[PDB]
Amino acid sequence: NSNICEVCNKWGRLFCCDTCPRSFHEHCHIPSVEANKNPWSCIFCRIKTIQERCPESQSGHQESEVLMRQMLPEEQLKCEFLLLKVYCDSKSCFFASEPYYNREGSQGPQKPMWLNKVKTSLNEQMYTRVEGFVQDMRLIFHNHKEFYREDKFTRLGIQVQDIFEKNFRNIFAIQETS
């Protein structure tokens, strides 16, 4: 197994996947690493199993159809993994915790959002459809764009949104287009 956390790339108290070489801090893994369960398989392994049990799940889909899906166990898992993939980028640190807004010439967003709030929302099963999760994810970056305006710090929002969107297209097998 790896000697660093797959998500945050640091050493520490790590739990090791029994089916691949990755390791995680307890609360870096999503969901949080389970108390018992020997063997334990990580979320990367659980996602791989879904594609193996249904190879056709990787044929192209329309985003509109994906969004309307109910959050049954396999969609729930896919959203948890997509969220994990955003936390894997070091730039997620800017969007992890509850922000605040006091900038000359800007007003705060009507509906603030942040990655740890989405994490809690997923953990507490508050999303009934994929759409709920994706809307809040996209809201994070939209709020950032709007608030920071022409400051070059807006680019962080763009960069972390691009990570989200690529992973969304991959995980949910969105039909490739030009």
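Each residue number is its position in the shown sequence, starting from 1.
Averaged over Cα atoms, the B-factor as recorded in the entry is higher for 97-105 than for the other of 97-105 and 77-85. Mean CA temperature factor is higher for 31-39 when stretches 31-39 and 130-138 are set side by side in the entry. Going by the entry's values, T19 shows the largest Cα B-factor out of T154, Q159, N167, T19. In the PDB entry, a CA B factor belonging to the highest third of its chain's modelled residues is recorded for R53. Sort the chain's modelled residues by C-alpha temperature factor and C45 lands in the highest third, per the entry. Sorting the modelled residues of the chain by their CA temperature factor places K117 in the lowest third. Looking at the C-alpha B-factors along this chain, the one for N143 belongs to the lowest third.
In this PDB entry, the Cα temperature factor of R69 sits in the bottom third of its chain's modelled residues, the lowest group.
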